[PDB]
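Following: one structure in structure tokens, then a few remarks.
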Amino acid sequence: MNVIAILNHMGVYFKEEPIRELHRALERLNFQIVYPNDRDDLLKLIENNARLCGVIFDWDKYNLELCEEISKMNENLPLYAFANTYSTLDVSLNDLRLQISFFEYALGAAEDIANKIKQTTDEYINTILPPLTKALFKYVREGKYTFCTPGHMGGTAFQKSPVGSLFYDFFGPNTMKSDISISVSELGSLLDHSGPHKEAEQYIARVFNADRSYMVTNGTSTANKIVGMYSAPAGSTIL
Amino acid sequence: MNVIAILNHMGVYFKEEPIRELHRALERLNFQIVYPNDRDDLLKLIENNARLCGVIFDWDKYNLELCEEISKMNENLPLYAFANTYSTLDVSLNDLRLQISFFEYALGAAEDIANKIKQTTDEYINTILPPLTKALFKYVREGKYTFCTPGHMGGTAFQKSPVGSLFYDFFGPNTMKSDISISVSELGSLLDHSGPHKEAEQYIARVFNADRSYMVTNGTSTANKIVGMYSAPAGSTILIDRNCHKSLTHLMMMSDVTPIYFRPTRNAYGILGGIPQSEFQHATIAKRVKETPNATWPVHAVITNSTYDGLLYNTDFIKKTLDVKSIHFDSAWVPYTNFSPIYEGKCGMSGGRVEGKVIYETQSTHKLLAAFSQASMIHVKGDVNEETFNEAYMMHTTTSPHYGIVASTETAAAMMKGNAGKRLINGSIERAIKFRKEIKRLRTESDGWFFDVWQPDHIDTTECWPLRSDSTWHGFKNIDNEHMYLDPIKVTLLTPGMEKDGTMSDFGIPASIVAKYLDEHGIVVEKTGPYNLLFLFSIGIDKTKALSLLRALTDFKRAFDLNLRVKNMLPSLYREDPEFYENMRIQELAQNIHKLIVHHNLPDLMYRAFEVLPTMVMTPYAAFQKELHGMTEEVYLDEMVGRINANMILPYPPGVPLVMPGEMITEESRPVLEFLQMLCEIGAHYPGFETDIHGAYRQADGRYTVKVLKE
Amino acid sequence: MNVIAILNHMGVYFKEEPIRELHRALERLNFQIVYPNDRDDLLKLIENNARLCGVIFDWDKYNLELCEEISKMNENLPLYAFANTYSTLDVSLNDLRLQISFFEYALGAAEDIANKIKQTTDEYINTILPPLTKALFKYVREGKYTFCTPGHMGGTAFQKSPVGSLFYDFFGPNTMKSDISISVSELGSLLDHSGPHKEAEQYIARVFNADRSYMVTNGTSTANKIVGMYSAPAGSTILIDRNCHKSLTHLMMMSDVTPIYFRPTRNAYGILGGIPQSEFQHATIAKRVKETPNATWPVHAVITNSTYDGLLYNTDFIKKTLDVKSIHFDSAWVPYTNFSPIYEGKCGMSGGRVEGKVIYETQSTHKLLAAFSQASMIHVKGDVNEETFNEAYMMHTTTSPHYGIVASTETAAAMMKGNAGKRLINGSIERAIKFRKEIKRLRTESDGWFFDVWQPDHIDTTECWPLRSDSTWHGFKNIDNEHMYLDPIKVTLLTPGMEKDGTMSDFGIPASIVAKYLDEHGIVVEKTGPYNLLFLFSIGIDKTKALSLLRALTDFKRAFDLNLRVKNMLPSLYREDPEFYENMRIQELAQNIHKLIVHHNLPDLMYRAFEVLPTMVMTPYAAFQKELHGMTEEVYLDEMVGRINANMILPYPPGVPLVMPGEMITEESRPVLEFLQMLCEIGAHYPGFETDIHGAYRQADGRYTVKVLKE
Ligand SMILES: *Cc1c(COP(=O)(O)O)cnc(C)c1O
Ligand SMILES: *Cc1c(COP(=O)(O)O)cnc(C)c1O
Ligand SMILES: *Cc1c(COP(=O)(O)O)cnc(C)c1O
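Quick mapping for you: the protein sequence lines, in order, are chains A, B and C.
For the first sequence, full-length UniProt numbering begins at 1 and goes up steadily by one.
For the second sequence, full-length UniProt numbering begins at 1 and goes up steadily by one.
For the third sequence, full-length UniProt numbering begins at 1 and goes up steadily by one.
Shown next as structure tokens:
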């Protein structure tokens with residue numbers, strides 16, 4: 001997730017020069033820059049490419065041809081449209097879910113714009129991800145809780161055995177660090193149904209239209225036997 | 001400041017080759033080179049980009065299309081125009097302030113041209129900056145004076161402590177070196193009023209049209225106490241306005257004076273109007289003198305122009321009818337009524353010197369300008385004693401002023417002179433009027449309810465809209481004509497909830513709910529409460545911050561029409577009480593609060609609690625003296641009829657004082673006490689909307705207690 | 001803060017290879033790598049270099065030589081010690097605050113180690129900083145709030161004007177972004193005393209040993225007015241010291257109180273001592289009450305501890321003999337009498353809570369510490385009312401404080417906490433005692449006259465030298481034992497010119513000539529005049545600024561013994577009058593001024609003028625009321641016997657008040673007027689050394705005029 005789109009070329013210099021200054025500032029924080037062509041070019045960069053999170057275009061050029069087609073696909077994609085002096089909204093742009101970030105064409109302030117894009121991108125990551133997954137990714141980058149199960153502890157024992165180094169370098173460092181048990185306080189437990197695990201049951205049942213949705217960790221073949229041991233008395237009758 | 005512009009391309013080689021040689025010479029001295037396109041390209045590099053100082057163009061190509069448009073934006077802007085053999089000036093280029101530097105197209109002399117541009121740029125910096133700020137910047141680069149105050153001495157002690165290195169590296173090396181005191185000879189002292197500080201006081205008064213002006217380093221709240229302690233002896237009489245600030249109340253509590261409160265006008269939405277013209281008469285002021293025990297002739301008058309909302313007065317009528325030798329205008333919200341033709345004769349500085357009188361103003365600096373906090377001014381228009389007024393200024397200013405704020409106080413005045421400063425006031429007005437038209441355009445075309453702007457039906461003109469007597473938008477009963485004006489930059493948004501006659505309605509959304517939604521995206525509401533919203537459109541609000549407010553208003557209608565949840569809209573309000581705000585939606589909360597306003601009747605109790613002034617027993621100065629002795633007690637809110645309060649009641653909403661410290665609530669001020677008991681019931685059922693009254697302490701049962709004086 | 005230290009070299013390859021791999025990984029996250037030599041090399045990288053936060057060393061090599069010396073300086077300093085297989089702790093390493101992070105020498109895992117160092121470094125930053133400063137740094141990096149105050153909003157308006165870009169590019173981007181008001185929820189408000197501002201009052205009072213410490217944002221001159229406006233009702237009685245500051249005089253002119261002036265001790269050199277122990281008795285205070293009309297029992301006492309020269313008193317005797325429920329200590333020059341064992345029982349905060357009394361102190365911040373200007377504190381030691389004292393603090397502090405100074409006020413209290421902060425107090429004392437020994441060493445070994453330090457004959461000890469009764473260095477006649485102390489960091493250089501008995505000599509150089517000579521190299525004398533030179537040896541004076549002062553003193557003896565010209569020695573004085581100072585040398589100017597002091601008799605006319613007290617007719621508050629009406633006139637200096645003055649006379653030298661506003665010069669105070677007429681004659685012959693008296697206006701003939709009240 002580091003693709004920034006810069007659509008259209010006004011042909012002037014006071015608008016393209018800030019783009020050239022921003023081109024060298026976004027690459028310092030690991031971000032790919034793409035230059036789409038016409039309106040149909042930007043539409044192909046959203047359905048096909050899924051690692052996009054930034055769309056830069058002139059607000060006084062396509063204010064109704066881009067704010068409608070993008071909202072039908074991704075209703076939370078951060079838009080980095082650049083407005084002008086005589087810029088305004090439209091009456092047909094009220095019932096659309098968008099995230100437009102306005103800016104200007106000022107020289108020297110390209111460094112401050114790069115910090116706002118990185119902060120806005122972090123807000124999009126924290127929104128599309130559930131709170132249970134957010135706690136797992138944050139524990140890897142921020143988490144030094146030792147003396148906890150499992151025994152590998154993010155792949156510590158694999159760095160001592162020669163055969164264990166081949167199994168740790170196959171998946172990745174972030175793979176073994178995300179394999180933790182219920183030995184963490186800020187993540188709760190699955191059997192306790194509290195904390196992040198409590199909000200996960202309400203987030204799945206609401207989207208899938210249900211009242212109480214669980215998470216079976218042994219496939220469907222095991223989940224069928226859980227229901228069968230609830231409404232089947234001894235010597236009764238099942239269909 | 002290192003941007004050099006090279007406009008156009010002649011196509012020839014004897015003119016473009018010196019440009020290529022100069023391109024490699026200017027980069028050696030840290031200068032950015034830009035290549036604009038046509039004539040409209042260079043015009044966009046001045047209004048948007050402010051770090052530009054060099055314009056290179058052919059003189060025999062655009063000698064009239066560039067020398068006129070640039071002169072309308074900046075006067076001292078250097079113009080590095082290249083002339084030819086058959087080149088001359090124009091008759092239409094005599095009354096224009098420009099700085100044209102001629103050169104040639106000689107090869108090999110590109111190094112000598114770069115030295116001339118660097119010196120010209122240095123002369124531009126030493127000219128547009130005031131001598132006080134210029135001497136401060138030169139002292140940092142050239143200044144090795146030791147054994148001086150403060151103790152940090154440019155950040156010397158911070159390099160020895162491990163924790164001090166994090167605080168020094170945050171601001172910068174040039175930040176701590178500029179924080180010096182009066183231990184410098186070539187910069188003078190602020191209390192001495194000599195040297196660079198003497199020329200700075202005469203420069204600020206010339207920009208803001210005044211005779212003498214000081215630099216208060218403790219905000220406007222302190223500047224109001226310096227003037228009040230100059231024309232109000234012990235046992236005199238002052239004419240302070242009712243809509244006073246928290247600092248203005250302390251002025252009455254620190255001086256043994258007998259104030260006379262006025263009766264400003266107001267409507268039903270809570271918008272503070274103004275003082276009628278009948279209160280400024282001679283028979284009206286003299287009538288309240290005999291009725292008030294221990295009161296002589298008023299020798300000072302305090303007028304809050306403008307108020308907290310943003311409604312100017314008419315100084316052309318006050319300076320002639322009001323017979324007060326010391327008239328004060330608390331200009332804590334209009335530090336710009338000078339550099340615009342639609343603001344002539346609206347403030348105290350606009351006009352001439354009034355004989356036998358004097359005008360005082362406390363223009364705020366860190367409010368609607370661009371400077372550090374705790375900065376104010378004292379504008380004096382008249383003939384006052386210099387040896388007497390100087391002693392009153394030292395009673396509120398320390399002997400070691402912070403030059404980091406003093407340099408910014410004068411900088412805000414230097415940013416206003418010239419065409420580059422006039423476009424900041426007019427630029428904010430054009431962006432404000434444009435935002436006013438975007439609301440009326442998205443109101444009729446929309447399908448449903450929409451926000452409204454407290455403005456007349458005709459806003460095509462570009463001036464202050466007068467509050468006439470044949471209009472229905474202001475809603476003021478019996479208002480004086482040509483006395484109350486409207487501030488264009490002070491856009492007052494009205495939320496649907498009330499009618500045009502002052503009653504209520506079935507469908508309505510309070511302004512307190514919208515204020516919480518704006519804080520989520522990052523919008524701070526200045527004033528909120530019943531059905532009104534206030535925003536600040538100063539010179540710092542550019543086109544990005546202005547358009548960000550309209551998008552947040554359109555998103556509130558979408559989330560309300562679709563009936564969303566509180567958790568999926570207001571995450572900050574959900575964290576206050578997740579149990580109560582669980583199964584509650586955005587339409588259930590907006591309708592339950594609206595029914596409480598109609599049931600408790602807010603517009604009627606608020607309008608009748610501010611007009612009837614409570615009986616003032618003693619002076620506000622005597623109320624604070626009894627508190628220091630220890631004769632104070634805490635009683636309940638329902639048990640206080642006939643007692644003398646100790647503090648000032650500042651209920652939110654709105655934001656005006658209710659009972660002054662020293663008054664008594666008798667049988668005449670009955671609706672005054674009913675306003676306090678009404679807010680305690682409406683602000684106790686739903687979390688997040690608690691009652692906010694400065695003076696009422698919350699206990700453990702819900703009943704608020706106030707501090708009164710013992711009998 | 002990005003210095004990582006790697007000590008020693010094992011010589012093996014399995015330990016040095018991970019060091020080289022980590023060298024290429026730490027540089028990717030901006031970190032400086034250093035390689036010290038032996039054990040003494042690492043110790044020099046902590047005291048001198050404060051930007052260090054990482055020490056890498058072998059655990060099985062120096063487990064006891066490094067874990068003890070480092071803990072004595074910085075306790076929270078992270079230690080990246082690398083252990084081995086057979087590694088263990090020590091019994092002598094239990095009572096030491098350390099942060100040891102164990103690692104291995106695994107290849108390829110250098111990337112994971114770099115992430116742990118960056119996370120550990122972030123923990124050190126989020127620990128040594130107070131929560132109020134932590135919220136300010138996080139708001140700059142993370143903050144998207146629009147429509148806030150002030151109008152600049154981190155420098156938005158400065159990017160639109162050409163003159164505004166020069167003021168924004170000087171400080172830095174992070175400077176203007178940290179200047180926000182009380183419009184932020186996650187930072188609280190200063191007037192509300194909640195959130196981060198609530199924990200800041202408990203963090204400063206705990207370190208400085210207090211119960212309620214506030215943050216004044218207008219210097220010490222304003223904090224003294226808040227204390228006086230709390231325990232001094234109208235028509236009461238206060239015990240203010242005679243050697244009061246300019247702000248302390250205005251406190252008496254703003255409150256209708258009856259002050260009682262003391263009679264501190266003094267010598268002939270101009271160094272004022274302190275209040276004797278006989279003035280604190282019950283028979284002395286009650287005697288002046290009956291003699292002074294309209295005066296009751298004193299309820300507040302203002303004690304200047306220490307004075308302007310730096311002389312500590314004895315609080316162990318005042319808190320028991322002085323029967324005042326509100327004893328104030330003006331600690332504007334000793335913000336460190338707590339972090340050293342040689343300062344116990346010398347201030348009001350040292351010790352416990354006095355039964356029935358309260359201690360109020362206004363310790364300065366931008367005087368002898370490291371913070372922005374206009375910063376002070378209010379220390380409360382006792383059981384007082386919180387709701388009553390809160391109203392007095394809001395009468396001098398604006399509603400929109402400057403967080404750039406508030407963050408620096410609490411930072412000064414955090415830079416002194418811990419052993420890393422205590423080394424700055426003890427380090428400044430060791431550098432001060434060393435400077436005192438260098439003067440006596442260069443005095444006897446030299447050939448001729450040399451400067452002298454006002455210190456006892458025995459300075460081998462490291463403590464405050466008491467002023468005994470059997471000594472001749474202090475010169476105070478009839479002084480109380482164990483009452484007056486000496487500040488070691490307050491070195492007073494006594495220039496030759498007077499004897500040890502109080503009379504005059506034949507060969508000497510006044511201190512006024514030396515004061516201007518030090519300014520040529522960049523040294524400003526704090527206090528000069530007769531034959532004294534006061535300096536400040538705070539934490540800002542490092543080993544470079546201390547040694548530079550002695551070198552400038554040795555150059556004055558060389559230029560005076562060789563008899564040089566004024567033009568080739570004092571170029572600043574020569575530019576004032578090149579015609580008069582043409583054929584004049586350094587010996588002719590030094591001998592002519594010395595004869596004028598003996599002729600006019602300065603020590604006798606100064607010791608007798610400041611000793612007696614003029615007849616106080618009315619209170620200082622009533623003197624300012626008559627000035628506002630306009631009954632003030634300007635009379636000559638020779639025509640004022642029997643009149644009432646309006647301003648305070650502050651003659652230079654020395655720098656202490658002479659006549660308070662509201663007193664009368666009759667037949668008893670005859671030497672008082674003789675001191676003013678003597679300075680008008682000695683300061684008129686030679687330019688540059690003119691008479692400097694705050695209150696006397698210079699005319700066109702030479703005679704100074706003062707402002708008195710009309711009869
Ligand atoms: C495939 C299948 C299963 C097994 O699914 P798993 O998730 O692998 O356990 C169970 N029931 C039915 C009807 C299936 O088709
Ligand atoms: C905001 C305001 C003040 C306080 O301004 P500061 O400069 O922060 O002291 C004082 N008076 C009025 C009328 C105000 O609106
Ligand atoms: C220097 C001084 C002051 C003034 O200090 P500021 O912080 O600049 O206001 C006040 N009182 C005393 C005793 C001083 O020495």
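Ideal Cβ positions, reconstructed from N, Cα and C, are used throughout, including at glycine.
Asked                                                                                                                                                                                      : Found
Over what stretch of residues does the beta strand (DSSP E) that includes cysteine 53 of chain C continue unbroken?                                                                        : 52-58
Ligand 1: which residues have Cβ under 5 Å from any of its heavy atoms, chain order?                                                                                                       : A/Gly219, A/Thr220, A/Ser221
Determine whether the beta carbon atoms of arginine 436 of chain C and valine 491 of chain C lie at a separation below 8 Å.                                                                : yes
Rounded to whole angstroms, what's the CA-CA distance from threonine 149 of chain C to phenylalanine 537 of chain B? Just pull it up for me.                                               : 11 Å
By the DSSP assignment, the beta strand (DSSP E) with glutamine 363 of chain B in it spans what residues?                                                                                  : Per DSSP, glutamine 363 of chain B belongs to no beta strand (DSSP E) and is neither H nor E.
List the residues of chain C that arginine 51 of chain B touches, going by C-beta distances under 7 Å, in chain order.                                                                     : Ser165
Considering only their Cβ atoms, is the gap separating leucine 369 of chain B from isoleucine 539 of chain B smaller than 8 Å?                                                             : yes
Do the stretch 349-363 of chain C and the stretch 171-191 of chain C touch if we need at least three Cβ pairs shorter than 8 Å?                                                            : no
Report whether the distance from the Cβ of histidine 402 of chain B to the nearest heavy atom of ligand 3 is below 7 Å.                                                                    : no
Could you list which residues in chain A have their beta carbon closer than 7 Å to that of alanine 109 of chain C, in chain order?                                                         : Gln159
Hey, how far is the Cα of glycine 502 of chain C from the Cα of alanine 559 of chain C?                                                                                                    : 29 Å
8 Å is my cut-off, CB to CB: does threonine 222 of chain B come that close to chain E?                                                                                                     : Although the question refers to chain E, the structure presented lacks it and instead comprises the protein chains A, B and C.
Which bits of chain C does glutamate 65 of chain A rub up against, with CB to CB less than 9 Å?                                                                                            : Near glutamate 65 of chain A there are no residues of chain C at all, since even the closest Cβ is about 28 Å away, more than 9 Å.
Cα-Cα, which of C/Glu582, C/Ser548, C/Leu550 is closest to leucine 564 of chain C?                                                                                                         : C/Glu582
Can you tell me whether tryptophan 297 of chain C is buried or exposed, with buried defined as 16 or more other CB within 10 angstroms of its CB?                                          : exposed
Does the beta-carbon of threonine 409 of chain C, which I'm using as the reference point, lie nearer than 7 Å to any heavy atom of ligand 3?                                               : no
Could you check if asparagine 224 of chain C belongs to the surroundings of ligand 3, using beta carbon to heavy atom distance under 7 Å?                                                  : yes
Which whole-angstrom value describes the C-beta separation of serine 255 of chain B and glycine 228 of chain B, a residue pair presumed to lie in contact below a C-beta threshold of 8 Å? : 7 Å
To the nearest angstrom, how far is the alpha carbon of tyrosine 636 of chain B from that of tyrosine 704 of chain B?                                                                      : 7 Å
Kindly indicate which residue of B/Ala114, B/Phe450, B/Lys144, B/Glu499 has the alpha-carbon position closest to the one of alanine 268 of chain B.                                        : B/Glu499
With a cut-off of 8 Å on the beta carbons, I'd call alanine 81 of chain B and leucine 42 of chain B a contact; round off their distance for me.                                            : At roughly 12 Å, the Cβ-Cβ gap does not stay under 8 Å, so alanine 81 of chain B and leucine 42 of chain B are not in contact.
Considering Cα atoms alone, identify which of A/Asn49, A/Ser92, A/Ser221 is closest to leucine 66 of chain A.                                                                              : A/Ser92
So if I threshold CB-CB distances at 8 Å, which residues from the stretch 538-559 of chain C count as touching chain B?                                                                    : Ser538, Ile539, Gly540, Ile541, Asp542, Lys545, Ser548, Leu549
If you draw a straight line from the C-alpha of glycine 151 of chain B to the C-alpha of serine 373 of chain C, how long is it?                                                            : 10 Å
State the DSSP-derived secondary structure class of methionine 415 of chain C, mapped to helix, strand or coil.                                                                            : helix
Just checking: is the beta-carbon of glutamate 386 of chain B within a distance shorter than 8 Å of some beta-carbon in chain A?                                                           : no
Based on the DSSP output, what are the partners of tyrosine 704 of chain C in its beta bridges?                                                                                            : C/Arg698
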